[PDB]
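Enquirer: Contents of final-v1.cif (mmCIF, C-alpha atoms; chains and numbers go by the auth columns):
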data_start
#
loop_
_atom_site.group_PDB
_atom_site.id
_atom_site.type_symbol
_atom_site.label_atom_id
_atom_site.label_comp_id
_atom_site.label_asym_id
_atom_site.label_seq_id
_atom_site.Cartn_x
_atom_site.Cartn_y
_atom_site.Cartn_z
_atom_site.B_iso_or_equiv
_atom_site.auth_seq_id
_atom_site.auth_asym_id
ATOM 1 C CA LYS A 1 95.812 96.441 107.972 0.00 50 A
ATOM 2 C CA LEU A 2 95.330 100.152 107.332 0.00 51 A
ATOM 3 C CA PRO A 3 97.636 101.595 110.047 0.00 52 A
ATOM 4 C CA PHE A 4 100.023 98.649 109.844 0.00 53 A
ATOM 5 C CA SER A 5 100.765 98.920 106.132 0.00 54 A
ATOM 6 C CA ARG A 6 101.277 102.690 106.475 0.00 55 A
ATOM 7 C CA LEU A 7 103.972 102.275 109.113 0.00 56 A
ATOM 8 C CA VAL A 8 105.620 99.371 107.304 0.00 57 A
ATOM 9 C CA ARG A 9 105.612 101.287 104.033 0.00 58 A
ATOM 10 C CA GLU A 10 106.853 104.508 105.636 0.00 59 A
ATOM 11 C CA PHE A 11 109.663 102.740 107.467 0.00 60 A
ATOM 12 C CA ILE A 12 110.754 100.393 104.677 0.00 61 A
ATOM 13 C CA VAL A 13 110.986 103.444 102.407 0.00 62 A
ATOM 14 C CA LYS A 14 112.539 105.587 105.146 0.00 63 A
ATOM 15 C CA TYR A 15 115.135 102.953 106.049 0.00 64 A
ATOM 16 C CA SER A 16 115.757 101.624 102.546 0.00 65 A
ATOM 17 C CA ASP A 17 118.924 102.634 100.707 0.00 66 A
ATOM 18 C CA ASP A 18 118.716 101.926 96.980 0.00 67 A
ATOM 19 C CA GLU A 19 115.242 100.394 97.131 0.00 68 A
ATOM 20 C CA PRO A 20 112.226 99.181 99.153 0.00 69 A
ATOM 21 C CA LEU A 21 112.612 95.641 100.450 0.00 70 A
ATOM 22 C CA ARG A 22 109.972 93.265 99.035 0.00 71 A
ATOM 23 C CA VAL A 23 108.636 91.175 102.023 0.00 72 A
ATOM 24 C CA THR A 24 106.333 88.132 102.477 0.00 73 A
ATOM 25 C CA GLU A 25 102.947 87.563 104.129 0.00 74 A
ATOM 26 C CA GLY A 26 104.515 85.495 106.893 0.00 75 A
ATOM 27 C CA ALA A 27 106.942 88.319 107.558 0.00 76 A
ATOM 28 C CA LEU A 28 104.107 90.852 107.677 0.00 77 A
ATOM 29 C CA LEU A 29 101.867 88.635 109.815 0.00 78 A
ATOM 30 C CA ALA A 30 104.776 87.691 112.081 0.00 79 A
ATOM 31 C CA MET A 31 105.588 91.362 112.633 0.00 80 A
ATOM 32 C CA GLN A 32 101.935 92.248 113.237 0.00 81 A
ATOM 33 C CA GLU A 33 101.564 89.490 115.843 0.00 82 A
ATOM 34 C CA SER A 34 104.728 90.648 117.637 0.00 83 A
ATOM 35 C CA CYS A 35 103.657 94.307 117.771 0.00 84 A
ATOM 36 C CA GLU A 36 100.166 93.550 119.072 0.00 85 A
ATOM 37 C CA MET A 37 101.552 91.610 122.030 0.00 86 A
ATOM 38 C CA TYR A 38 104.042 94.412 122.801 0.00 87 A
ATOM 39 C CA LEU A 39 101.184 96.871 123.303 0.00 88 A
ATOM 40 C CA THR A 40 99.232 94.272 125.290 0.00 89 A
ATOM 41 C CA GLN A 41 102.271 93.694 127.503 0.00 90 A
ATOM 42 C CA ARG A 42 103.064 97.333 128.248 0.00 91 A
ATOM 43 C CA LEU A 43 99.433 98.413 128.725 0.00 92 A
ATOM 44 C CA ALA A 44 98.851 95.462 131.066 0.00 93 A
ATOM 45 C CA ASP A 45 101.965 96.222 133.112 0.00 94 A
ATOM 46 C CA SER A 46 100.934 99.870 133.363 0.00 95 A
ATOM 47 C CA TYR A 47 97.481 98.604 134.370 0.00 96 A
ATOM 48 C CA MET A 48 99.175 96.751 137.224 0.00 97 A
ATOM 49 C CA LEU A 49 100.245 100.198 138.411 0.00 98 A
ATOM 50 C CA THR A 50 96.682 101.449 137.977 0.00 99 A
ATOM 51 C CA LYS A 51 95.341 98.828 140.381 0.00 100 A
ATOM 52 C CA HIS A 52 98.245 99.654 142.705 0.00 101 A
ATOM 53 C CA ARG A 53 97.056 103.282 142.567 0.00 102 A
ATOM 54 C CA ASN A 54 93.538 102.358 143.714 0.00 103 A
ATOM 55 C CA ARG A 55 92.093 103.317 140.301 0.00 104 A
ATOM 56 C CA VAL A 56 90.165 101.455 137.590 0.00 105 A
ATOM 57 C CA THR A 57 91.011 103.716 134.613 0.00 106 A
ATOM 58 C CA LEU A 58 94.212 102.992 132.723 0.00 107 A
ATOM 59 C CA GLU A 59 95.694 106.410 131.999 0.00 108 A
ATOM 60 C CA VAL A 60 98.776 108.035 130.577 0.00 109 A
ATOM 61 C CA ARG A 61 99.873 108.339 134.212 0.00 110 A
ATOM 62 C CA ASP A 62 100.293 104.544 134.375 0.00 111 A
ATOM 63 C CA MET A 63 101.846 104.161 130.918 0.00 112 A
ATOM 64 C CA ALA A 64 104.618 106.556 131.966 0.00 113 A
ATOM 65 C CA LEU A 65 106.041 104.634 134.939 0.00 114 A
ATOM 66 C CA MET A 66 106.675 101.470 132.892 0.00 115 A
ATOM 67 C CA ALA A 67 107.992 103.706 130.097 0.00 116 A
ATOM 68 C CA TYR A 68 110.332 105.469 132.517 0.00 117 A
ATOM 69 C CA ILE A 69 111.742 102.055 133.484 0.00 118 A
ATOM 70 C CA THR B 1 91.504 103.070 115.621 0.00 31 B
ATOM 71 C CA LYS B 2 89.611 103.590 118.874 0.00 32 B
ATOM 72 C CA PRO B 3 88.286 100.011 119.150 0.00 33 B
ATOM 73 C CA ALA B 4 91.659 98.484 118.283 0.00 34 B
ATOM 74 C CA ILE B 5 93.158 100.253 121.316 0.00 35 B
ATOM 75 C CA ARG B 6 90.078 99.131 123.282 0.00 36 B
ATOM 76 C CA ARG B 7 90.644 95.594 121.997 0.00 37 B
ATOM 77 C CA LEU B 8 94.262 95.720 123.163 0.00 38 B
ATOM 78 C CA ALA B 9 93.233 97.054 126.587 0.00 39 B
ATOM 79 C CA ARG B 10 90.602 94.323 127.019 0.00 40 B
ATOM 80 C CA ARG B 11 93.146 91.703 126.021 0.00 41 B
ATOM 81 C CA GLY B 12 95.366 93.039 128.832 0.00 42 B
ATOM 82 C CA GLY B 13 92.473 93.117 131.321 0.00 43 B
ATOM 83 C CA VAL B 14 91.922 96.905 131.059 0.00 44 B
ATOM 84 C CA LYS B 15 88.265 97.724 131.387 0.00 45 B
ATOM 85 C CA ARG B 16 88.031 101.492 130.618 0.00 46 B
ATOM 86 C CA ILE B 17 90.708 103.741 129.076 0.00 47 B
ATOM 87 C CA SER B 18 91.294 107.483 128.953 0.00 48 B
ATOM 88 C CA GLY B 19 91.395 109.451 125.714 0.00 49 B
ATOM 89 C CA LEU B 20 95.059 110.319 125.704 0.00 50 B
ATOM 90 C CA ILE B 21 96.000 106.622 125.662 0.00 51 B
ATOM 91 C CA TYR B 22 94.917 106.524 122.017 0.00 52 B
ATOM 92 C CA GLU B 23 97.670 108.910 120.930 0.00 53 B
ATOM 93 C CA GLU B 24 100.171 107.707 123.547 0.00 54 B
ATOM 94 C CA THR B 25 99.669 104.087 122.495 0.00 55 B
ATOM 95 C CA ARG B 26 100.445 104.811 118.840 0.00 56 B
ATOM 96 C CA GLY B 27 103.665 106.631 119.795 0.00 57 B
ATOM 97 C CA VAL B 28 104.942 103.861 122.068 0.00 58 B
ATOM 98 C CA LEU B 29 104.348 101.238 119.366 0.00 59 B
ATOM 99 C CA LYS B 30 106.069 103.196 116.564 0.00 60 B
ATOM 100 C CA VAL B 31 109.196 103.262 118.731 0.00 61 B
ATOM 101 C CA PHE B 32 108.996 99.475 119.054 0.00 62 B
ATOM 102 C CA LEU B 33 108.173 99.026 115.353 0.00 63 B
ATOM 103 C CA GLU B 34 110.841 101.506 114.247 0.00 64 B
ATOM 104 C CA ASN B 35 113.319 99.158 115.874 0.00 65 B
ATOM 105 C CA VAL B 36 111.669 96.022 114.492 0.00 66 B
ATOM 106 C CA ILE B 37 111.329 97.347 110.928 0.00 67 B
ATOM 107 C CA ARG B 38 114.658 99.192 110.982 0.00 68 B
ATOM 108 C CA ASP B 39 116.500 96.166 112.334 0.00 69 B
ATOM 109 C CA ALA B 40 114.619 93.793 110.041 0.00 70 B
ATOM 110 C CA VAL B 41 115.188 96.034 107.027 0.00 71 B
ATOM 111 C CA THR B 42 118.822 96.572 107.968 0.00 72 B
ATOM 112 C CA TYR B 43 119.514 92.872 108.452 0.00 73 B
ATOM 113 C CA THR B 44 117.458 91.801 105.462 0.00 74 B
ATOM 114 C CA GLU B 45 119.218 94.216 103.143 0.00 75 B
ATOM 115 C CA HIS B 46 122.719 93.598 104.539 0.00 76 B
ATOM 116 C CA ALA B 47 122.423 89.796 104.759 0.00 77 B
ATOM 117 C CA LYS B 48 122.607 88.694 101.110 0.00 78 B
ATOM 118 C CA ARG B 49 118.849 89.070 100.684 0.00 79 B
ATOM 119 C CA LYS B 50 116.321 91.828 100.125 0.00 80 B
ATOM 120 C CA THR B 51 113.073 90.271 101.434 0.00 81 B
ATOM 121 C CA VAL B 52 111.748 90.371 104.993 0.00 82 B
ATOM 122 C CA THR B 53 111.067 86.839 106.243 0.00 83 B
ATOM 123 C CA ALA B 54 109.380 85.672 109.428 0.00 84 B
ATOM 124 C CA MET B 55 112.824 85.005 110.920 0.00 85 B
ATOM 125 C CA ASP B 56 113.976 88.556 110.143 0.00 86 B
ATOM 126 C CA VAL B 57 111.047 89.777 112.246 0.00 87 B
ATOM 127 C CA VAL B 58 112.241 87.304 114.900 0.00 88 B
ATOM 128 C CA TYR B 59 115.735 88.780 114.620 0.00 89 B
ATOM 129 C CA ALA B 60 114.299 92.253 115.180 0.00 90 B
ATOM 130 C CA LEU B 61 112.396 91.131 118.307 0.00 91 B
ATOM 131 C CA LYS B 62 115.524 89.632 119.901 0.00 92 B
ATOM 132 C CA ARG B 63 117.073 93.103 119.382 0.00 93 B
ATOM 133 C CA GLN B 64 114.621 94.827 121.702 0.00 94 B
ATOM 134 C CA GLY B 65 114.913 94.785 125.489 0.00 95 B
ATOM 135 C CA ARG B 66 111.451 96.351 125.489 0.00 96 B
ATOM 136 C CA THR B 67 110.569 92.657 125.459 0.00 97 B
ATOM 137 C CA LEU B 68 112.796 91.367 128.277 0.00 98 B
#
Would you mind giving the structure from this file in structure tokens?

Expert:
Amino acid sequence: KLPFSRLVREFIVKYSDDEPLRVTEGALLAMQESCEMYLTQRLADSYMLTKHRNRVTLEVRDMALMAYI
Amino acid sequence: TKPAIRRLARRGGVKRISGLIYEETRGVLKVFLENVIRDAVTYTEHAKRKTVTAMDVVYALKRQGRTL
């Protein structure tokens, strides 16, 4: 929860206007589920490049080709 | 944390990970989340309501393309 609440709090406050925007547990849990799978997806796709590169170590090299696309 | 990144890599089938991934992974996500939270916050505040709901998160995800 520690790095998730920080980002949520920073960005609700950053992107508020007259006030921070309440929120529910389902909203917070729904967001947290979504964001986890996004990192799983992009790391895994970049890992597909890793295997294609005849290496076993996911590296910032592999993260960059999916990110460039 | 370091094991949360490890946990995400092992979910994706990644066995071992280099040390820069830790910082790189946080950056990539914030971009995603900035859009999710921004969009959610923007829709939630604009749409006759001031509370983020599960469907507002859903609305933010549709508005991504880093999903498609």

Enquirer: Residues picked by the PyMOL selection byres ((chain A) within 6 of (chain B)) here, as a short mmCIF file (atom, residue, chain, number, x, y, z; two decimals) with C-alpha atoms, in the coordinates of the input?

Expert:
data_model
loop_
_atom_site.label_atom_id
_atom_site.label_comp_id
_atom_site.auth_asym_id
_atom_site.auth_seq_id
_atom_site.Cartn_x
_atom_site.Cartn_y
_atom_site.Cartn_z
CA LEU A 70 112.61 95.64 100.45
CA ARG A 71 109.97 93.26 99.04
CA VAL A 72 108.64 91.18 102.02
CA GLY A 75 104.52 85.50 106.89
CA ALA A 76 106.94 88.32 107.56
CA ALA A 79 104.78 87.69 112.08
CA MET A 80 105.59 91.36 112.63
CA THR A 89 99.23 94.27 125.29
CA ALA A 93 98.85 95.46 131.07
CA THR A 106 91.01 103.72 134.61
CA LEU A 107 94.21 102.99 132.72
CA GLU A 108 95.69 106.41 132.00
CA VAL A 109 98.78 108.04 130.58
#

Enquirer: Can you measure atom CA of residue 66 of chain A to atom CA of residue 73 of chain B for me? One decimal in Å is fine.

Expert: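 Pair atom CA of residue 66 of chain A / atom CA of residue 73 of chain B returns 12.5 Å.
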
Enquirer: Provide an axis-aligned box for all listed atoms of segment 85-100 of chain A, padding each side by 8 Å; report its centre and its edge lengths in Å to one decimal, as AutoDock Vina command-line options.

Expert:
--center_x 99.7 --center_y 96.5 --center_z 129.7 --size_x 24.7 --size_y 25.8 --size_z 37.3

Enquirer: Can you work out the spacing between atom CA of residue 81 of chain A and atom CA of residue 50 of chain A in Å, to one decimal?

Expert: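 Calculated distance between atom CA of residue 81 of chain A and atom CA of residue 50 of chain A is 9.1 Å.
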
Enquirer: For the atom pair atom CA of residue 115 of chain A and atom CA of residue 99 of chain A, what is the interatomic distance in Å to one decimal place?

Expert: 11.2 Å

Enquirer: Take the PyMOL selection byres ((chain A and resi 111) around 9), run it mentally on this structure, and tell me the resulting residues as an mmCIF file with C-alpha atoms, in the coordinates of the input.

Expert:
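Contents of the output file part.cif:
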data_model
loop_
_atom_site.group_PDB
_atom_site.id
_atom_site.type_symbol
_atom_site.label_atom_id
_atom_site.label_comp_id
_atom_site.auth_asym_id
_atom_site.auth_seq_id
_atom_site.Cartn_x
_atom_site.Cartn_y
_atom_site.Cartn_z
ATOM 1 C CA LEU A 92 99.433 98.413 128.725
ATOM 2 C CA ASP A 94 101.965 96.222 133.112
ATOM 3 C CA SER A 95 100.934 99.870 133.363
ATOM 4 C CA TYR A 96 97.481 98.604 134.370
ATOM 5 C CA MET A 97 99.175 96.751 137.224
ATOM 6 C CA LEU A 98 100.245 100.198 138.411
ATOM 7 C CA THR A 99 96.682 101.449 137.977
ATOM 8 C CA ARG A 102 97.056 103.282 142.567
ATOM 9 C CA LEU A 107 94.212 102.992 132.723
ATOM 10 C CA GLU A 108 95.694 106.410 131.999
ATOM 11 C CA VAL A 109 98.776 108.035 130.577
ATOM 12 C CA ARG A 110 99.873 108.339 134.212
ATOM 13 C CA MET A 112 101.846 104.161 130.918
ATOM 14 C CA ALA A 113 104.618 106.556 131.966
ATOM 15 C CA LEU A 114 106.041 104.634 134.939
ATOM 16 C CA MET A 115 106.675 101.470 132.892
ATOM 17 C CA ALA A 116 107.992 103.706 130.097
#

Enquirer: I'd like to know which of B:98, B:77, B:89, B:61 is closest to residue 60 of chain A, using only C-alpha atoms.

Expert: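 Answer, going by the shortest atom-to-atom distance: B:61.
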
Enquirer: Any chance you could model N, CA and C atoms for segment 44-57 of chain B and send them as an mmCIF file, in the frame of the given file?

Expert:
data_model
loop_
_atom_site.group_PDB
_atom_site.id
_atom_site.type_symbol
_atom_site.label_atom_id
_atom_site.label_comp_id
_atom_site.auth_asym_id
_atom_site.auth_seq_id
_atom_site.Cartn_x
_atom_site.Cartn_y
_atom_site.Cartn_z
ATOM 1 N N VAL B 44 92.280 95.506 130.833
ATOM 2 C CA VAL B 44 91.922 96.905 131.059
ATOM 3 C C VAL B 44 90.444 97.095 130.748
ATOM 4 N N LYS B 45 89.687 97.676 131.682
ATOM 5 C CA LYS B 45 88.265 97.724 131.387
ATOM 6 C C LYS B 45 87.880 99.018 130.663
ATOM 7 N N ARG B 46 88.293 100.171 131.197
ATOM 8 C CA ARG B 46 88.031 101.492 130.618
ATOM 9 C C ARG B 46 89.363 102.231 130.494
ATOM 10 N N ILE B 47 89.464 103.083 129.475
ATOM 11 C CA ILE B 47 90.708 103.741 129.076
ATOM 12 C C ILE B 47 90.423 105.221 128.840
ATOM 13 N N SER B 48 91.391 106.057 129.191
ATOM 14 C CA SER B 48 91.294 107.483 128.953
ATOM 15 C C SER B 48 91.668 107.807 127.511
ATOM 16 N N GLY B 49 91.227 108.992 127.081
ATOM 17 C CA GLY B 49 91.395 109.451 125.714
ATOM 18 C C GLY B 49 92.806 109.754 125.277
ATOM 19 N N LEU B 50 93.715 110.063 126.194
ATOM 20 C CA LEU B 50 95.059 110.319 125.704
ATOM 21 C C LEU B 50 95.771 109.021 125.355
ATOM 22 N N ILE B 51 95.345 107.897 125.943
ATOM 23 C CA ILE B 51 96.000 106.622 125.662
ATOM 24 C C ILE B 51 96.047 106.383 124.160
ATOM 25 N N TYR B 52 94.991 106.794 123.447
ATOM 26 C CA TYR B 52 94.917 106.524 122.017
ATOM 27 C C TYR B 52 96.159 107.046 121.311
ATOM 28 N N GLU B 53 96.493 108.317 121.556
ATOM 29 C CA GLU B 53 97.670 108.910 120.930
ATOM 30 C C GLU B 53 98.958 108.365 121.532
ATOM 31 N N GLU B 54 99.009 108.269 122.864
ATOM 32 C CA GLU B 54 100.171 107.707 123.547
ATOM 33 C C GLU B 54 100.475 106.284 123.097
ATOM 34 N N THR B 55 99.444 105.455 122.946
ATOM 35 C CA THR B 55 99.669 104.087 122.495
ATOM 36 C C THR B 55 100.293 104.025 121.106
ATOM 37 N N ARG B 56 99.803 104.820 120.151
ATOM 38 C CA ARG B 56 100.445 104.811 118.840
ATOM 39 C C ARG B 56 101.931 105.173 118.912
ATOM 40 N N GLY B 57 102.265 106.256 119.622
ATOM 41 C CA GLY B 57 103.665 106.631 119.795
ATOM 42 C C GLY B 57 104.571 105.560 120.368
#
